[PDB]
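Letter by letter, the chains look like this.
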Amino acid sequence: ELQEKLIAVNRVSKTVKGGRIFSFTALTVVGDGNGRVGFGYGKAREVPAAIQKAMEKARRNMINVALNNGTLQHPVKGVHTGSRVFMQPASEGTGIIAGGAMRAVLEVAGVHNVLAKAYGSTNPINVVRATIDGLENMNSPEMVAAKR
RNA sequence: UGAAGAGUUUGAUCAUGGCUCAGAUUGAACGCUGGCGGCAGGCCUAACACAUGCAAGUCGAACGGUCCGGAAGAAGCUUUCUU
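Right, let's talk about helix α3 (residues 124–137) for a bit. Residues spaced three or four apart along an α-helix point in a common direction, a consequence of the helix completing one turn every 3.6 residues. For α3, spanning 14 residues, the distance from its first C-alpha to its last is 20 Å, which sits close to the expected 20 Å at 1.5 Å a residue. What α3 keeps buried is the set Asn126, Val127, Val128, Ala130, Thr131, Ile132, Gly134 and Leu135. The backbone nitrogen of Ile125 has a side-chain oxygen 2.6 Å away, supplied by the residue at the start of α3, namely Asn123.

This is how it looks when you write it as structure tokens:
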């Protein structure tokens, strides 16, 4: 079924009237591998509590990437905040060439081959958001045709 | 068919920005150590001063003499001497 991948976890600390209260954040990527992706980022007083809470959120917000022969339909450049992500389809045998943030989201996405690169801000939280956004704008000739 | 970044200026955050890191290479040197073989390679620093040896000849099918060698003569032998 759905497979989860732990993108990254941060300690995250903040000053409050009384001392320091620690809350852990966690990026999780849920995907079956046949076209469905899911990003989740939830916090919690405990690491595992955040991880699980994250997975639940990831499964609540999924996207149906229109995969084509282990690749995508066309290159896309999504720009979230200061972060920027680019994607480019590639023939088979190239492999998923991209950062851990994007790759993990692409692997579960079912993507078998793709050429990508991170631009601007390298923030892992902003890049994953940019990646998913790009996976949404993805359109196929069928959609475009039926769209026009 | 071709592009992963990370650490550090905050109490914490974002941005700007400088510095820094794992790799590969070098007709190298230095330290500890060191068995064999093949191929390759060796003043990268003063035109500073230099002992000693060595770094171009070849032709007598161009011509007259010495040095080295062979052969034949005048002689009984030797010396000497001739071609």
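With that out of the way, let us pick up the sheet that holds strand β6 (residues 62–64). Backbone-to-backbone hydrogen bonds join strands into a sheet, with any given pair of strands oriented parallel or antiparallel. Across the sheet, four strands lie side by side as β1-β4-β5-β6; this open sheet has antiparallel pairing. Because the sheet does not close on itself, it has two edges, and the strands there are β1 (3–10) and β6. Each strand axis lies, on average, 15° off the axis of its neighbour in the sheet, ignoring direction. As defined by bridge partners, strand β5 (residues 36–44) adjoins β6 across three bridges and the pair is classed as antiparallel. Residue pairing in the sheet places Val37 in a bridge with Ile63 of β6. Against the sheet, helix α1 (residues 47–60) contacts β1, β4 (24–31), β5 and β6, and its axis sits at roughly 145° relative to β5.

Close contacts around RNA strand B come from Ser13, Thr15, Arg20, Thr94, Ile97, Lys117 and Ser121, and that covers them all. For RNA strand B, the fraction of protein-proximal atoms (within 4 Å) that sit in sugar or phosphate groups is 36%. Contact between RNA strand B and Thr15: a base nitrogen at 2.8 Å from a side-chain N or O atom of the residue. Contact distances for RNA strand B include 2.6 Å between a sugar or linking oxygen and a side-chain N or O atom of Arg20. Residue classes in the surface near RNA strand B are distributed as one nonpolar, four polar and two charged.

Residues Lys43, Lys53, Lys57 and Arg60 make up a contiguous surface patch of positive charge. At three residues, the largest contribution of residues to the positive patch is made by α1. Turning to its location among the elements, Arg60 is positioned in helix α1. Under the relative-accessibility criterion, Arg60 is labelled exposed at 69%.

Once that is clear, we can look at the packing of helix α2 (residues 100–109) against α3. Orientation of α2 relative to α3, taken along the N-to-C sense of each, is 40°, at an axis distance of 9 Å. It follows that α2 is oblique to α3 by the angle criterion. Crossing of α2 against α3: the hand is right-handed. Residues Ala101, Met102, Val105 and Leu106 of α2 touch α3, and the partners they reach there are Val127, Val128, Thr131, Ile132 and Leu135. Each residue belonging to the contact of α2 with α3 can be placed in one class, and the counts come to eight nonpolar, one polar and no charged.

Turning to the UniProt feature "domain: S5 DRBM" in chain A, a few remarks are in order. The UniProt entry lists residues 2–65 under the feature "domain: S5 DRBM", expressed in the numbering used here. With 22% helix and 56% strand, residues 2–65 has its two end C-alpha atoms placed 15 Å apart.

Conventions used here
- Residues numbered from 1 in each chain as written, not as in the entry; some residues may be left out.
- Chains lettered and ligands numbered in written order.
- Part of a larger assembly, values for the part shown.
- Heavy atoms only, no water.
- Helix = DSSP H or I, 4+ residues; strand = E, 2+ residues; numbered from the N terminus.
- Expected span 1.5 Å × (residues − 1).
- Buried < 20%, exposed > 50% of the residue type's maximum accessible area, 1.4 Å probe, protein only.
- Polar contact = N/O pair within 3.5 Å; in protein donor to acceptor, adjacent residues only side chain to side chain.
- Pairing = 2+ DSSP bridges.
- Axes fitted to C-alpha atoms, helices over the stretch in contact; angles between N-to-C directions.
- Contact = heavy atoms within 4.5 Å.
- Near = heavy atom within 4 Å.
- Nonpolar A, V, L, I, M, F, W, Y, C, P; charged D, E, K, R; others polar.
- Patch = residues over 30% accessible without salt bridge, like charges linked within 9 Å, V, L, I, M, F, W, Y side chains within 5 Å.
- Areas by Shrake-Rupley, 256 points an atom, 1.4 Å probe, with all protein chains shown as cover.
- Salt bridge = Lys/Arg side-chain N within 4 Å of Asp/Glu carboxyl O.
- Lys, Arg positive; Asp, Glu negative; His and termini not counted.
- Charge placed at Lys NZ, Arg CZ, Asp CG, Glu CD.
- Parallel < 35°, antiparallel > 145°, perpendicular 65-115°, else oblique.
- Left-handed = near helix turned anticlockwise from the far one by under 90°.
- UniProt positions renumbered as here; feature names shortened; annotations may be inferred.

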